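See below for the structure under consideration.
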Amino acid sequence: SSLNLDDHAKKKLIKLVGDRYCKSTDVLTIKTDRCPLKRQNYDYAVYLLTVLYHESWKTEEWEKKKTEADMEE
Amino acid sequence: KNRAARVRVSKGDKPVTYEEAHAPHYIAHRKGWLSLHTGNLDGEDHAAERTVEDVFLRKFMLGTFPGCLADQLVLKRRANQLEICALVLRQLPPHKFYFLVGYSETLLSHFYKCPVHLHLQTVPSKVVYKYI
Amino acid sequence: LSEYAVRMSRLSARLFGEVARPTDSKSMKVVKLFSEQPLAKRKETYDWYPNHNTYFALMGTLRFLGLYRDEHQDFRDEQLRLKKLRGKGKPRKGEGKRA
Amino acid sequence: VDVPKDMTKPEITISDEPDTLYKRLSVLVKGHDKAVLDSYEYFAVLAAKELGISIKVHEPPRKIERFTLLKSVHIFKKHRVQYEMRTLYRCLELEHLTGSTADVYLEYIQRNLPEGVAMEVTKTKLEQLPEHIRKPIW
Amino acid sequence: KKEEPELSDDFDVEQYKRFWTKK
Amino acid sequence: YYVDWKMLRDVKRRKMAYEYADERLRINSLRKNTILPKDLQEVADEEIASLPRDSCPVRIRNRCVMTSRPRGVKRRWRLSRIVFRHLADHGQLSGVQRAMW
Ligand SMILES: [Mg+2]
Ligand SMILES: [Mg+2]
Ligand SMILES: [Mg+2]
């Protein structure tokens with residue numbers, strides 16, 4: 001709720017991140033373990049957050065092929 | 001009949017210290033553990049390395065101080081430092097005690113790659129808890 | 001399962017770093033082989049045994065230097081001396097049954 | 001009467017880097033004996049109150065590990081001797097703790113840790129949005 | 001029988017090279 | 001000296017496995033994947049079997065580090081069941097007590 005997601009961008013982000021988003025508390029949890037160090041994981045964790053936001057705003061051409069059974073509402 | 005770490009009754013002429021006078025089922029009831037470390041906790045690793053190091057000290061301290069050792073050692077591990085508490089009889093001259101203290105501290109520290117503390121308490125004879 | 005869901009499943013996999021193209025159940029093991037540490041290289045495996053050679057040799061040298069006194073080794077030497085006195089010792093090489 | 005006059009010489013260089021703010025700091029001490037943890041909690045609470053931290057202390061439920069071994073060294077499999085390892089827990093939560101105050105409190109706590117216990121710290125550091133997210137980029 | 005290995009998928013890793021370096 | 005000849009053999013076996021651990025992993029990756037051609041996988045099987053016998057993870061045997069008992073060994077302490085009781089009954093292991101409930 002503290003970000004600048006649009007109506008379309010927010011819906012795509014939920015469909016993109018999967019189960020990491022809680023629908024009740026509206027909190028997004030990202031857990032990273034691959035980097036050996038905590039500083040590398042911290043830099044990787046923030047990298048995921050920024051790339052997931054810059055991608056939810058790219059309305060690609062194939063996105064118009066939405067099915068009526070895939071609508072959340 | 002159970003025989004684990006017990007001293008059998010033989011008239012009333014054999015002295016027994018506090019540690020040896022209690023059966024093993026009394027652990028955590030009347031007597032504590034001779035060694036304390038993190039390895040045997042719930043979600044902690046590195047428990048086998050501590051055990052083998054503990055056994056070596058039981059054999060090194062017993063051999064470094066022949067005859068003058070009173071009873072079992074007490075090993076405490078805090079941070080990365082190792083504290084060894086011992087009870088030693090009044091057998092060797094104080095010059096030899098400080099030699100062995102200096103020898104033990106340096107040798108173990110360069111062997112386990114960790115600082116070692118060696119604290120000694122001197123008693124005139126073995127402490128008797130029952131019989132005698 | 002629709003074409004829209006396929007793109008989203010692949011697009012999410014691309015960002016988080018998983019495999020994008022479809023992969024067989026058996027073909028995912030090669031990912032697991034490199035993802036985890038092999039069994040032969042775990043510290044629990046190759047460092048399982050304490051180095052008894054250093055433990056035995058060190059206390060052997062300290063015994064001869066008078067800094068460590070081992071009762072058990074003294075027991076063997078004392079009994080070994082008695083066997084020699086009684087006339088029953090270990091013969092040299094090539095002396096067992098060839099004579 | 002004779003005392004060493006002014007035997008204190010620490011330095012605290014105040015740099016220009018902004019300090020790190022921790023939303024909440026959690027300390028979970030685990031040990032085998034309750035009495036040590038009971039005394040350790042009192043030491044931690046007393047030190048925390050003096051520094052002005054407003055901490056809360058709660059006791060998580062304990063868990064017990066059990067396993068069974070054979071009794072004799074040959075046959076006799078109908079007689080067993082069991083053993084048990086008990087790990088008792090204690091959690092101390094810290095709220096609204098700055099980075100500078102966090103460093104001294106933890107190191108003072110860690111150095112006085114008894115030999116029979118260990119602890120885990122869960123620090124919830126808070127910070128603003130990343131530059132890319134904050135600065136408008138489509 | 002079927003064959004369609006060239007799925008119409010588009011994604012460039014180099015697009016996000018900027019955020020990759022620094023915030 | 002290790003406590004027994006069997007223990008000495010295990011040390012050699014573990015040492016050999018460590019040297020060829022990475023080389024085996026690379027070759028074994030080809031075999032366990034079905035996307036490579038079957039001709040290449042058959043050649044890989046020849047090479048992986050040409051490695052020395054002792055360099056096999058399955059041949060590693062878990063014994064006790066004190067008495068080298070081939071079985072009855074707890075994996076956590078790497079000790080035989082008899083030795084574990086000997087140390088635990090004297091109170092020489094922290095946090096280990098006789099179970100009563
Ligand atoms: Mg033998
Ligand atoms: Mg097969
Ligand atoms: Mg096997």
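Ordering of the structure tokens sets the chain letters (A, B, ...); residue numbers start at 1 within each chain; ligands are numbered from 1 in the order shown.
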Check: which chain F residues lie within 12 Å of chain B using only C-alpha atoms, as a ChimeraX atom specification: /F:64-66,74-79,82-100
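Any residue of chain D with an atom within 10 Å of chain B counts; using only C-alpha atoms, that gives residues 30, 31, 32, 33, 63, 64, 65, 71, 72, 83, 85, 86, 87, 88, 110, 111, 112, 113, 114, 115, 116, 117, 118 and 119 of chain D.
Using only C-alpha atoms, the protein and nucleic acid residues lying no more than 12 Å from stretch 1-3 of chain C, apart from those fewer than 2 places from it along its own chain, are residues 62, 63, 64, 65, 66, 67, 68, 69 and 70 of chain A; 5, 6, 7, 8, 9 and 10 of chain C; 7, 8 and 9 of chain E.
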Include C-alpha atoms and write out the residues we just selected as a PDB file, in the first residue's frame.
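Resulting contents of part10.pdb:
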ATOM      1  CA  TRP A  62       0.571 -10.563 -25.305  1.00  0.00           C
ATOM      2  CA  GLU A  63      -1.039  -9.302 -22.079  1.00  0.00           C
ATOM      3  CA  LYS A  64      -4.246  -8.509 -23.994  1.00  0.00           C
ATOM      4  CA  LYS A  65      -4.825 -12.256 -24.489  1.00  0.00           C
ATOM      5  CA  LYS A  66      -6.602 -12.531 -21.140  1.00  0.00           C
ATOM      6  CA  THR A  67      -9.070 -15.362 -20.557  1.00  0.00           C
ATOM      7  CA  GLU A  68     -12.354 -14.789 -18.728  1.00  0.00           C
ATOM      8  CA  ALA A  69     -11.457 -17.636 -16.356  1.00  0.00           C
ATOM      9  CA  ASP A  70      -8.155 -15.990 -15.367  1.00  0.00           C
TER      10      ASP A  70
ATOM     11  CA  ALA C   5      -0.643 -18.656 -17.331  1.00  0.00           C
ATOM     12  CA  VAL C   6       2.274 -20.177 -19.262  1.00  0.00           C
ATOM     13  CA  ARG C   7       3.814 -16.754 -19.912  1.00  0.00           C
ATOM     14  CA  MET C   8       3.354 -15.697 -16.283  1.00  0.00           C
ATOM     15  CA  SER C   9       4.887 -18.942 -15.015  1.00  0.00           C
ATOM     16  CA  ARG C  10       7.868 -18.485 -17.338  1.00  0.00           C
TER      17      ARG C  10
ATOM     18  CA  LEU E   7       8.015 -20.964 -27.990  1.00  0.00           C
ATOM     19  CA  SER E   8       7.271 -17.281 -28.629  1.00  0.00           C
ATOM     20  CA  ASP E   9       8.988 -15.966 -25.504  1.00  0.00           C
TER      21      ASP E   9
END
Which residues, written as an mmCIF file with N, CA and C atoms, in the first residue's frame, have at least one atom at most 9 Å from residue A:32, with only C-alpha atoms counted and residues fewer than 2 positions away on the same chain left out?
data_model
loop_
_atom_site.group_PDB
_atom_site.id
_atom_site.type_symbol
_atom_site.label_atom_id
_atom_site.label_comp_id
_atom_site.auth_asym_id
_atom_site.auth_seq_id
_atom_site.Cartn_x
_atom_site.Cartn_y
_atom_site.Cartn_z
ATOM 1 N N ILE A 30 10.070 -11.470 0.533
ATOM 2 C CA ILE A 30 11.070 -12.013 -0.378
ATOM 3 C C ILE A 30 12.187 -12.610 0.463
ATOM 4 N N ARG A 34 20.570 -17.950 -1.821
ATOM 5 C CA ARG A 34 21.603 -18.446 -2.723
ATOM 6 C C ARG A 34 22.940 -17.748 -2.511
ATOM 7 N N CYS A 35 22.930 -16.464 -2.183
ATOM 8 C CA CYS A 35 24.205 -15.782 -2.017
ATOM 9 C C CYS A 35 24.887 -16.231 -0.726
ATOM 10 N N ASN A 41 23.180 -11.272 -0.296
ATOM 11 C CA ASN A 41 21.749 -11.555 -0.278
ATOM 12 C C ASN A 41 20.936 -10.277 -0.135
ATOM 13 N N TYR A 42 21.394 -9.350 0.711
ATOM 14 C CA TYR A 42 20.692 -8.081 0.865
ATOM 15 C C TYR A 42 20.678 -7.296 -0.440
ATOM 16 N N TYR A 44 20.969 -8.675 -3.388
ATOM 17 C CA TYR A 44 20.121 -9.446 -4.290
ATOM 18 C C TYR A 44 18.648 -9.281 -3.942
ATOM 19 N N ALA A 45 18.324 -9.218 -2.648
ATOM 20 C CA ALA A 45 16.928 -9.082 -2.242
ATOM 21 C C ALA A 45 16.342 -7.759 -2.715
#
Residue contacts of stretch 3-19 of chain A (8 Å, only C-alpha atoms) excluding same-chain residues fewer than 6 positions away, as JSON, numbers by chain: {"A": [52, 53, 56, 57], "C": [8, 9, 11, 12]}
Those residues with C-alpha atoms, as a CSV table (one decimal), in the first residue's frame please?
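File part12.csv, as written:
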chain,number,residue,atom,x,y,z
A,52,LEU,CA,9.5,-6.7,-9.9
A,53,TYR,CA,8.3,-3.1,-9.9
A,56,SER,CA,4.8,-4.7,-13.5
A,57,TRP,CA,4.5,-1.4,-15.5
C,8,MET,CA,3.4,-15.7,-16.3
C,9,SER,CA,4.9,-18.9,-15.0
C,11,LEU,CA,8.2,-14.7,-16.7
C,12,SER,CA,8.3,-15.3,-12.9
Test item: residues no farther than 12 Å from ligand 1, counting only C-alpha atoms and all ligand atoms, as an MDAnalysis selection string: chainID F and resid 1:7 66:69
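Using only C-alpha atoms and all ligand atoms, residues with at least one atom at most 12 Å away from any atom of ligand 3 are residues 10, 56, 57, 58, 59, 60, 61, 62, 63, 70 and 71 of chain F.
For the atom pair formed by atom CA of residue E:3 and atom CA of residue C:27, the distance is 19.1 Å, given to one decimal.
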Atom-to-atom span, atom CA of residue D:50 and atom CA of residue D:89, Å: 24.3 Å
Any idea which chain E residues end up within 9 Å of chain A if we count only C-alpha atoms, as an mmCIF file with N, CA, C and O atoms, in the first residue's frame please?
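Below is the file iface.cif, written as the result:
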data_model
loop_
_atom_site.group_PDB
_atom_site.id
_atom_site.type_symbol
_atom_site.label_atom_id
_atom_site.label_comp_id
_atom_site.auth_asym_id
_atom_site.auth_seq_id
_atom_site.Cartn_x
_atom_site.Cartn_y
_atom_site.Cartn_z
ATOM 1 N N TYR E 16 17.733 -4.844 -17.592
ATOM 2 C CA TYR E 16 17.827 -4.396 -16.210
ATOM 3 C C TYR E 16 19.272 -4.310 -15.724
ATOM 4 O O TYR E 16 19.529 -4.468 -14.526
ATOM 5 N N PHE E 19 19.718 -1.137 -12.837
ATOM 6 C CA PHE E 19 19.429 -1.389 -11.428
ATOM 7 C C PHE E 19 20.353 -2.464 -10.866
ATOM 8 O O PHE E 19 20.632 -2.487 -9.662
ATOM 9 N N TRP E 20 20.834 -3.363 -11.729
ATOM 10 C CA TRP E 20 21.796 -4.402 -11.374
ATOM 11 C C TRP E 20 23.062 -3.845 -10.734
ATOM 12 O O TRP E 20 23.623 -4.463 -9.824
ATOM 13 N N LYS E 23 21.721 1.164 -6.762
ATOM 14 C CA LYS E 23 20.387 1.694 -6.500
ATOM 15 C C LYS E 23 20.182 3.029 -7.210
ATOM 16 O O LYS E 23 19.172 3.247 -7.879
#
Exercise answer, 12 Å around ligand 2 with only C-alpha atoms and all ligand atoms, as a PyMOL selection string: (chain C and resi 26) or (chain F and resi 28+31-34+41-42+45)
Distance filter 7 Å, only C-alpha atoms, chain D against chain E, as a VMD selection string: chain D and resid 130 to 132
Saved selection, atoms kept: N, CA, C and O atoms, as a PDB file, in the first residue's frame:
ATOM      1  N   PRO D 130      14.116   1.947  -2.240  1.00  0.00           N
ATOM      2  CA  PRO D 130      15.337   2.068  -3.040  1.00  0.00           C
ATOM      3  C   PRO D 130      15.283   3.295  -3.934  1.00  0.00           C
ATOM      4  O   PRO D 130      14.222   3.868  -4.190  1.00  0.00           O
ATOM      5  N   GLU D 131      16.465   3.701  -4.405  1.00  0.00           N
ATOM      6  CA  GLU D 131      16.553   4.887  -5.252  1.00  0.00           C
ATOM      7  C   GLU D 131      15.734   4.714  -6.524  1.00  0.00           C
ATOM      8  O   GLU D 131      15.004   5.624  -6.930  1.00  0.00           O
ATOM      9  N   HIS D 132      15.822   3.540  -7.151  1.00  0.00           N
ATOM     10  CA  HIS D 132      15.072   3.295  -8.375  1.00  0.00           C
ATOM     11  C   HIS D 132      13.571   3.372  -8.132  1.00  0.00           C
ATOM     12  O   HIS D 132      12.827   3.927  -8.948  1.00  0.00           O
TER      13      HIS D 132
END
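Straight-line separation from atom CA of residue C:74 to atom CA of residue C:62: 13.7 Å.
Of the listed residues A:39, A:27, A:1, A:33, the one whose atoms come nearest to chain C is A:33, with distances taken using only C-alpha atoms.
Of the listed residues D:80, D:134, D:90, D:123, the one whose atoms come nearest to residue D:28 is D:90, with distances taken using only C-alpha atoms.
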DSSP alpha helix (DSSP H) selection over chain E, as a PyMOL selection string: chain E and resi 17-21
Selection to disk with N, CA and C atoms, as a PDB file, in the first residue's frame:
ATOM      1  N   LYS E  17      20.218  -4.059 -16.637  1.00  0.00           N
ATOM      2  CA  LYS E  17      21.620  -3.916 -16.254  1.00  0.00           C
ATOM      3  C   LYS E  17      21.841  -2.712 -15.356  1.00  0.00           C
ATOM      4  N   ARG E  18      20.958  -1.717 -15.428  1.00  0.00           N
ATOM      5  CA  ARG E  18      21.186  -0.485 -14.682  1.00  0.00           C
ATOM      6  C   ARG E  18      20.922  -0.682 -13.195  1.00  0.00           C
ATOM      7  N   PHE E  19      19.718  -1.137 -12.837  1.00  0.00           N
ATOM      8  CA  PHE E  19      19.429  -1.389 -11.428  1.00  0.00           C
ATOM      9  C   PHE E  19      20.353  -2.464 -10.866  1.00  0.00           C
ATOM     10  N   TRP E  20      20.834  -3.363 -11.729  1.00  0.00           N
ATOM     11  CA  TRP E  20      21.796  -4.402 -11.374  1.00  0.00           C
ATOM     12  C   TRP E  20      23.062  -3.845 -10.734  1.00  0.00           C
ATOM     13  N   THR E  21      23.546  -2.699 -11.216  1.00  0.00           N
ATOM     14  CA  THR E  21      24.786  -2.157 -10.671  1.00  0.00           C
ATOM     15  C   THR E  21      24.560  -1.473  -9.328  1.00  0.00           C
TER      16      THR E  21
END
As a PDB file with C-alpha atoms, in the first residue's frame, please: all residues of stretch 50-108 of chain B that backbone DSSP puts in strand (DSSP E or B).
ATOM      1  CA  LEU B  69      44.730 -34.943  40.456  1.00  0.00           C
ATOM      2  CA  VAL B  74      35.249 -29.371  34.754  1.00  0.00           C
ATOM      3  CA  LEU B  75      35.298 -27.930  31.230  1.00  0.00           C
ATOM      4  CA  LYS B  76      33.472 -24.698  30.383  1.00  0.00           C
ATOM      5  CA  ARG B  77      33.350 -23.303  26.839  1.00  0.00           C
ATOM      6  CA  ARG B  78      32.468 -19.609  26.549  1.00  0.00           C
ATOM      7  CA  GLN B  81      37.832 -19.716  24.939  1.00  0.00           C
ATOM      8  CA  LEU B  82      38.149 -22.959  26.894  1.00  0.00           C
ATOM      9  CA  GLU B  83      38.245 -22.949  30.699  1.00  0.00           C
ATOM     10  CA  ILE B  84      39.546 -25.990  32.585  1.00  0.00           C
ATOM     11  CA  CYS B  85      38.881 -26.203  36.328  1.00  0.00           C
ATOM     12  CA  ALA B  86      40.756 -28.835  38.323  1.00  0.00           C
ATOM     13  CA  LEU B  87      41.258 -30.018  41.891  1.00  0.00           C
ATOM     14  CA  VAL B  88      44.903 -30.865  42.599  1.00  0.00           C
ATOM     15  CA  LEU B  89      46.419 -32.410  45.714  1.00  0.00           C
TER      16      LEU B  89
END
